[PDB]
Amino acid sequence: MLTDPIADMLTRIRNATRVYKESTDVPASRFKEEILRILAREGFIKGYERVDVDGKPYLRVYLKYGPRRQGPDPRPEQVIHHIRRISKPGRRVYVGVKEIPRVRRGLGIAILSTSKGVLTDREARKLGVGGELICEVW
Amino acid sequence: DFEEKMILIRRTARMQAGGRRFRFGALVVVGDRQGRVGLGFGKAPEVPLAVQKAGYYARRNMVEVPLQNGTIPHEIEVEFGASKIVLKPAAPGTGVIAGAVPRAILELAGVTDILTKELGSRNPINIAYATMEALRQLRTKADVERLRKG
Amino acid sequence: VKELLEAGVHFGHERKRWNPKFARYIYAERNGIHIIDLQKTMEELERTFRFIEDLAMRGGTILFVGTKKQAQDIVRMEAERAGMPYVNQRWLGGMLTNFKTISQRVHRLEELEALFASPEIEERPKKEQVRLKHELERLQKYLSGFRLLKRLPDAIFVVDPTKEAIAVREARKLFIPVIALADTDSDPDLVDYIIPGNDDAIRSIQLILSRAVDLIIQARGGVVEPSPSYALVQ
Amino acid sequence: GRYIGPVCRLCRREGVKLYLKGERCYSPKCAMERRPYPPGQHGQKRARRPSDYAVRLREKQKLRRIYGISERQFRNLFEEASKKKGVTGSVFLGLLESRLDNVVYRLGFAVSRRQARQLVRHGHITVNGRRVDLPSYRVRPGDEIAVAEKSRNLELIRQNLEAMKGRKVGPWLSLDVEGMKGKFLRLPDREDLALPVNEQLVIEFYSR
RNA sequence: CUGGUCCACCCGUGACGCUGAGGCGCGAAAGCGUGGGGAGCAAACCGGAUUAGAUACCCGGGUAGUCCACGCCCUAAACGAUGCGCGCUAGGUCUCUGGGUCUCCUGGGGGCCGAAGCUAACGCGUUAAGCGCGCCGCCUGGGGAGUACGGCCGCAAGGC
RNA sequence: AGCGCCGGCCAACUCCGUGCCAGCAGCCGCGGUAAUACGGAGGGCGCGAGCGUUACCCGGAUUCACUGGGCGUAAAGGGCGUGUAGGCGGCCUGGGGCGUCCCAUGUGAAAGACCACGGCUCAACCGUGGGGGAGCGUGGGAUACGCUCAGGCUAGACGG
Ligand SMILES: [K+]
Ligand SMILES: [K+]
Ligand SMILES: [K+]
Ligand SMILES: [K+]
Ligand SMILES: [Mg+2]
Ligand SMILES: [Mg+2]
Ligand SMILES: [Mg+2]
Ligand SMILES: [Mg+2]
Ligand SMILES: [Mg+2]
Ligand SMILES: [Mg+2]
Ligand SMILES: [Mg+2]
Ligand SMILES: [Mg+2]
Ligand SMILES: [Mg+2]
Ligand SMILES: [Mg+2]
Ligand SMILES: [Mg+2]
Ligand SMILES: [Mg+2]
Ligand SMILES: [Mg+2]
Ligand SMILES: [Mg+2]
Ligand SMILES: [Mg+2]
Ligand SMILES: [Mg+2]
Ligand SMILES: [Mg+2]
Ligand SMILES: [Mg+2]
Ligand SMILES: [Mg+2]
Ligand SMILES: [Mg+2]
Ligand SMILES: [Mg+2]
Ligand SMILES: [Mg+2]
Ligand SMILES: [Mg+2]
Ligand SMILES: [Mg+2]
Ligand SMILES: [Mg+2]
Ligand SMILES: [Mg+2]
Ligand SMILES: [Mg+2]
Ligand SMILES: [Mg+2]
Ligand SMILES: [Mg+2]
Ligand SMILES: [Mg+2]
Ligand SMILES: [Mg+2]
Ligand SMILES: [Mg+2]
Ligand SMILES: [Mg+2]
Ligand SMILES: [Mg+2]
Ligand SMILES: [Mg+2]
Ligand SMILES: [Mg+2]
Ligand SMILES: [Mg+2]
Ligand SMILES: [Mg+2]
Ligand SMILES: [Mg+2]
Ligand SMILES: [Mg+2]
Ligand SMILES: [Mg+2]
Ligand SMILES: [Mg+2]
Ligand SMILES: [Mg+2]
Ligand SMILES: [Mg+2]
Ligand SMILES: [Mg+2]
Ligand SMILES: [Mg+2]
Ligand SMILES: [Mg+2]
Ligand SMILES: [Mg+2]
Ligand SMILES: [Mg+2]
Ligand SMILES: [Mg+2]
Ligand SMILES: [Mg+2]
Ligand SMILES: [Mg+2]
Ligand SMILES: [Mg+2]
Ligand SMILES: [Mg+2]
Ligand SMILES: [Mg+2]
Ligand SMILES: [Mg+2]
Ligand SMILES: [Mg+2]
Ligand SMILES: [Mg+2]
Ligand SMILES: [Mg+2]
Ligand SMILES: [Mg+2]
Ligand SMILES: [Mg+2]
Ligand SMILES: [Zn+2]
């Protein structure tokens, strides 16, 4: 059974972009969808869309990359260079608004889950609230 | 124009009937102190030829460092082999806090304030490459913008 | 220059042992062979030929590379139909990458051709009239298409990139564009301006390189008659 | 007891002339003039390529041997500097230039720093009106550094303060050659100084 | 007589799941106890050779043992020297075993070679040594030492 | 005006003496005749009323790794199961707010530490003022995630 669906999602995305997939599916769940809204809005992913693979509900995640590069190895740059889980079952991580991390000096992001909904480190700071430090992306 | 700093020169040895037959390896950094460095590792029968070959290889291997007022735009950790290197941005007046290897590279890239740390295997050659690669992976808001803009 | 319904030759090539990457350019599976989607063949043609005119009408040298005996001639011909250098014998390791050095051979070539036309021909022991003649012999075997290169090319025209991988690799490294008529077994990504379709079968190599060299003549300005190498398709 | 020994020898070890004597280190005799190679029986031999360490040391040795301050004294300042706000490098220099004995010299009341020091140890100096004999006393901006009311008549005071008549001086200072008084206007900036020393290396020597 | 397991249908229940300190059971060979059995082989041992000398290797004999029943012992290069579960990440080729419309498609196993990637290197590479989450076990320079002491277990050897 | 250094790490070299001796040595290592390493001398480097030595604590040591490590061949996967406690737990909705987060508030002795001004000619030392999170107590608030109680669901598991 899946132990960390969020980590599973973070990974499907990580795994798919390394082989440069078009899209990539992940079993749908509200919370996951919330993470995606952010990834989308932040521009790490072309976007996402609900779908029904084999009757059950999934989430086509449309990955996005850079342009072809020169020299040997034309493989484009990743838009999602890093995407790692922070909080996890058996070691949840929480933070006060005063203790929210600044991922790659703002060039990156951190997705927290607060009592005011899922928000990036900036959004969170704005509504001055902390929560579970879901993961970071950059 | 370009400045060169010799990172290290070693005298390797090989076996043959009769005895050992030597060679020399040399690590050289080349920078304009304007955000451009290059690493070259040249090996030859003689130390000079080695150094020269190294310098020559270095200029052929350059990196455009996104200097933002003597410092790096953001922190990064790069592992090259068993060597890991930690680069952290620093305010002016801080200086270049680094081992001799990363320093030489950083200084010629025109970095003036940076926090640094050598982890894992501290093999000069490998720490050097981890560094160049760290620098090479540095990105700018401008860059992230073009990237996530799409 | 142009052509549409070219099912009279290309498409479908290579058994079933492909390269997953070239799958974007595959149409369907037939009789154990992969049938290439020509629509895309065309699309790439345009995109590529466009790059051809570019280099053409600027004075840009295109180096042709084809050792695959199924076109080792078609190359050395259409290539001569332009000041374009060619390599059809054996791609020598480092022609581009070590160009400076491999050219020293070119110098020794033409230089030897001098000696073999001067009063010093029948001079000195014929023991040298043998060694030196043979030297010229080999030089003329390989470098007789490479001699037209004073500097690195501005593009590389490879027939089968998988086969001419060593060439492509040297290009790639020197940021020299890679033009290639690759197919089913080849790795797309390694080729900049692709032309997906039979990398094997004279009727295909000739057609492509043909119209390609036409567009090179035309684009650079010269107007020439049909290809003097259609007899080779025998 | 600050050093107290042959000085136009240290200039030699540093390969750069240091003003530890004053007016002789000006008239073809600072030794650095016709004999600028280091001291000792091995002075004229080829110098092996210096270790990173060597460089960062000799450098600090220059910067310190200039103001003639002891390592303990010197180090305390650098630390105080590190702590304070702003570029430690420059600040460190500002603090060094604030030492009474030094300002006294920078005002020309004395030729060298060693002499400037002694003029302070013998109360021949006066800050804001009161006497002060602490060469390490820190002159703050706005302080008037005059000559002992009863020492203005002193022979030595005459010469130096005389040769000071008509002779521009430090843009952060101001000499009223008349009442034999000066005025520490502002903490000098690295710009204001022209010291033969890359403070960067000094900061690095302690970084170790 | 009996355990596991794979496939097809998508019929029933509705997380009923994963892991697992202790515990319990299983656990090659040798070995131990009682009683059987004993052809061949063979520690020990008795001889013959070889050799500088052979307490050996080669040769001729040969007891325990090897085999059975019941009980005990509980170790190993007990090895893929890789803990168990789950999801994700090109393919090619051989093979065992199902179902299908049977060139082939689709499952479950066994092998090679290899994308990406990982690795000190050798190598690994949808049987991972990749990318991730869960839980257990274990490591922390060599020698002393798997020894001494204590506890527990065992008839003992000895084991932990 | 002393004391310690000058093979490398580690700033600083040359002669004589001595010939695996006498001795040095923090680690790596020096000495069996031409020793920059022993003893002396001349030089030199580093500090300076101090300089060395020994002992002890933290550091470097991501060398017990929470931040921040590992276990195929380098210590290092338990011989294999079964399963107790425990740790961990698919998708949807609702109640409660334990964890978590947010305001406010009470605590938080002085001293010390940090900052700013001050007093002894400076400083050490000292005084005055300023800031003070955290940790707990209290009151109110939020409910995404984790927990818990209700109901529901078939994609995990298990049945036919
Ligand atoms: K890596
Ligand atoms: K015992
Ligand atoms: K074991
Ligand atoms: K609720
Ligand atoms: Mg993950
Ligand atoms: Mg990542
Ligand atoms: Mg953490
Ligand atoms: Mg050497
Ligand atoms: Mg850049
Ligand atoms: Mg590693
Ligand atoms: Mg190590
Ligand atoms: Mg080739
Ligand atoms: Mg082919
Ligand atoms: Mg400072
Ligand atoms: Mg059903
Ligand atoms: Mg039901
Ligand atoms: Mg179990
Ligand atoms: Mg349980
Ligand atoms: Mg047993
Ligand atoms: Mg047995
Ligand atoms: Mg028995
Ligand atoms: Mg027998
Ligand atoms: Mg013998
Ligand atoms: Mg005998
Ligand atoms: Mg026998
Ligand atoms: Mg076993
Ligand atoms: Mg085995
Ligand atoms: Mg286990
Ligand atoms: Mg297979
Ligand atoms: Mg297989
Ligand atoms: Mg290796
Ligand atoms: Mg393999
Ligand atoms: Mg796996
Ligand atoms: Mg491994
Ligand atoms: Mg153990
Ligand atoms: Mg020990
Ligand atoms: Mg031990
Ligand atoms: Mg042991
Ligand atoms: Mg034992
Ligand atoms: Mg007993
Ligand atoms: Mg035993
Ligand atoms: Mg030295
Ligand atoms: Mg000694
Ligand atoms: Mg001697
Ligand atoms: Mg000596
Ligand atoms: Mg020594
Ligand atoms: Mg000596
Ligand atoms: Mg004192
Ligand atoms: Mg310690
Ligand atoms: Mg530690
Ligand atoms: Mg330790
Ligand atoms: Mg850890
Ligand atoms: Mg370790
Ligand atoms: Mg071993
Ligand atoms: Mg091991
Ligand atoms: Mg082992
Ligand atoms: Mg095992
Ligand atoms: Mg077992
Ligand atoms: Mg749950
Ligand atoms: Mg409070
Ligand atoms: Mg308080
Ligand atoms: Mg208090
Ligand atoms: Mg005061
Ligand atoms: Mg106070
Ligand atoms: Mg329920
Ligand atoms: Zn002088």
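Look up a bit, the structure's there.
Residues numbered from 1 in each chain as written, not as in the entry; some residues may be left out. Chains lettered and ligands numbered in written order. Part of a larger assembly, values for the part shown. Heavy atoms only, no water.

Turning next to the pairing of strand β3 (residues 62-65) of chain C. Residues and elements named next belong to chain C. Side-chain alternation along β3 places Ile62 and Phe64 on one buried face and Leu63 and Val65 on a second face that is also buried. Sheet topology note: the β3/strand β5 (residues 155-158) ladder contains four bridges and is parallel. In the strand pairing of β5, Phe64 is matched with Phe157. When β3 meets strand β4 (residues 86-87), the two strands line up parallel, connected through two bridges. Its bridge partner being in β4, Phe64 is matched across the sheet by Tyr86. A crossover connection joins β3 to the parallel β4 through helix α2 (residues 72-78); in handedness this β-α-β unit is right-handed. (Buried < 20%, exposed > 50% of the residue type's maximum accessible area, 1.4 Å probe, protein only. Helix = DSSP H or I, 4+ residues; strand = E, 2+ residues; numbered from the N terminus. Pairing = 2+ DSSP bridges. Right-handed = clockwise from strand over helix to strand, strands pointing away.)

Near RNA strand F there are 55 residues, and of these A:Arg30, A:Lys56, B:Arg122, D:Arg9 and D:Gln61 occur at the shortest range. Near-protein atoms of RNA strand F (within 4 Å) split between backbone and bases, with sugar and phosphate holding 77%. Within the side chain of B:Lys117, an N or O atom sits 3.1 Å from a phosphate oxygen of RNA strand F. Listed by contribution, the elements that provide at least two residues to the surface near RNA strand F are α2 (30-42), β4 (94-95), β5 (109-114) and β7 (131-137) of chain A together with α2 (52-67) and α3 (71-83) of chain D. When the residues that make up the surface near RNA strand F are grouped by side-chain class, the tally is 14 nonpolar, 19 polar and 22 charged. (Near = heavy atom within 4 Å. Polar contact = N/O pair within 3.5 Å; in protein donor to acceptor, adjacent residues only side chain to side chain. Nonpolar A, V, L, I, M, F, W, Y, C, P; charged D, E, K, R; others polar.)

Phi at A:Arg91 is positive, roughly 120°, even though this residue is not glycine. With respect to the element layout, A:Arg91 can be found in the loop between β3 (83-85) and β4. At B:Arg33, a residue that is not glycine, the phi angle is positive and equals roughly 55°. Checked against the element boundaries, B:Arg33 lands in the loop between β4 (24-31) and β5 (36-44).

Pairing between side chains becomes possible if they bear opposite charge and their charged atoms approach one another. Applying the stated rule across the entire model yields 60 salt bridges over all chains. Salt-bridge contacts for A:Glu33 lead to A:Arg50; the nearest nitrogen and oxygen are separated by 3.1 Å. You can see A:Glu33 sitting in helix α2 and its partner A:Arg50 sitting in strand β1 (residues 47-51), a full 17 residues away along the chain. Residue A:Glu33 is classed as buried on the basis of its relative accessible area, which comes to 12%. Close ionic contact of D:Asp101 with D:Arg99 constitutes a salt bridge, the shortest N to O distance being 3.4 Å. Connected via shared salt-bridge partners are B:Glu3, B:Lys5, B:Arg33, B:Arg103, B:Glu107, D:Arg56 and D:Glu204. (Salt bridge = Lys/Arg side-chain N within 4 Å of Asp/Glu carboxyl O.)

The subject of this paragraph is the packing of helix α3 (residues 99-115) of chain C against helix α4 (residues 128-142) of chain C. Angle between the axes and distance between the axes: these two values describe a pair of packed helices. All names here are of chain C. Between α3 and α4, whose axes approach to 10 Å, the crossing angle comes to 130°. If you check the angle between α3 and α4, you find them oblique. For the element pair α3 and α4, the recorded crossing hand is left-handed. Touching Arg105, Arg108, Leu109, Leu112, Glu113 and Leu115 of α3 are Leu132, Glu135, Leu136, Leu139 and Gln140, all from α4. By residue class, the composition of the contact of α3 with α4 is six nonpolar, one polar and four charged. (Axes fitted to C-alpha atoms, helices over the stretch in contact; angles between N-to-C directions. Parallel < 35°, antiparallel > 145°, perpendicular 65-115°, else oblique. Left-handed = near helix turned anticlockwise from the far one by under 90°. Contact = heavy atoms within 4.5 Å.)

This next bit is on the protein's contact with RNA strand E. All names here are of chain A. Residues in contact with RNA strand E amount to 21 residues; listed here are only the nearest, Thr3, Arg14, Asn15, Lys88 and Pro89. Within 4 Å of the protein, the contacting atoms of RNA strand E are drawn from sugar and phosphate to the extent of 81%. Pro89 is positioned such that a nitrogen or oxygen atom in its backbone is 2.7 Å from a phosphate oxygen of RNA strand E. Across the surface near RNA strand E, the residue classes tally to seven nonpolar, five polar and nine charged.

Residues and elements named next belong to chain B. Spatial ordering of the open sheet is given by β1-β4-β5-β6, a layout of four strands whose pairing is antiparallel. Bordering the open sheet on either side are β1 (3-10) and β6 (62-64), each of which pairs with just one other strand. Averaged over all adjacent pairs, the angle separating strand axes in this sheet is 15°, with direction ignored. Here β5 pairs with β6 via three bridges, running antiparallel. For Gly38, the partnering residue across the bridge sits in β6 and is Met62. Set on the sheet, helix α2 (residues 100-108) makes contact with β1, β4 and β5; between it and β1 the angle comes to about 165°. With respect to the sheet, helix α3 (residues 124-137) is in contact with β1, β4, β5 and β6, its orientation differing from that of β5 by roughly 150°.

Another aspect to go through is the nonpolar core. By size, the foremost hydrophobic cluster in this structure holds 32 residues, and its most contacted members are B:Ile7, B:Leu27, B:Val29, B:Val37, B:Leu87, B:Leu106 and B:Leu135. If you list the elements that add at least two residues to this core, you get β1, β4, β5, β7 (76-80), β8 (83-89), α2 and α3 of chain B. For this core, the element with the highest residue contribution is α3(B), accounting for seven residues. Those residues in contact with B:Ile7, other than ones at most four positions away along the chain, are B:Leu27, B:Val28, B:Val29, B:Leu39, B:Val101, B:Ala104, B:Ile105 and B:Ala128. Within the second largest apolar cluster, 31 residues are counted, among which are C:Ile26, C:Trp91, C:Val106 and C:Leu136. (Core = buried A, V, L, I, M, F, W, Y, C linked by side-chain atoms within 4.5 Å.)

On to the pairing of β5(B). Residues and elements named next belong to chain B. Within β5, seven of the nine residues are buried, which leaves the element mostly enclosed by the surrounding structure. For β4 and β5, the ladder comprises eight bridges, and the chain directions are antiparallel. Within β5, the position partnered with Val30 by the bridge is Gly38. The antiparallel hairpin formed by β4 and β5 contains four residues in its connecting segment, where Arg33 sits at a positive phi of about 55°.

Moving on to the packing of helix α1 (residues 5-17) of chain A against α2(A). Residue and element names in this part refer to chain A. Look at α1 against α2: their axes get within 10 Å of each other, and the N-to-C directions meet at 45°. With respect to α2, the axis of α1 lies oblique. Between α1 and α2 the crossing geometry is right-handed. Every residue of α2 that contacts α1 at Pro5, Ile6, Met9 and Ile13 is listed here: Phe31, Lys32, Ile35 and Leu36. Residues that form the contact of α1 with α2 fall into these classes: seven nonpolar, no polar and one charged.

Any link to function would need more than the numbers given here.
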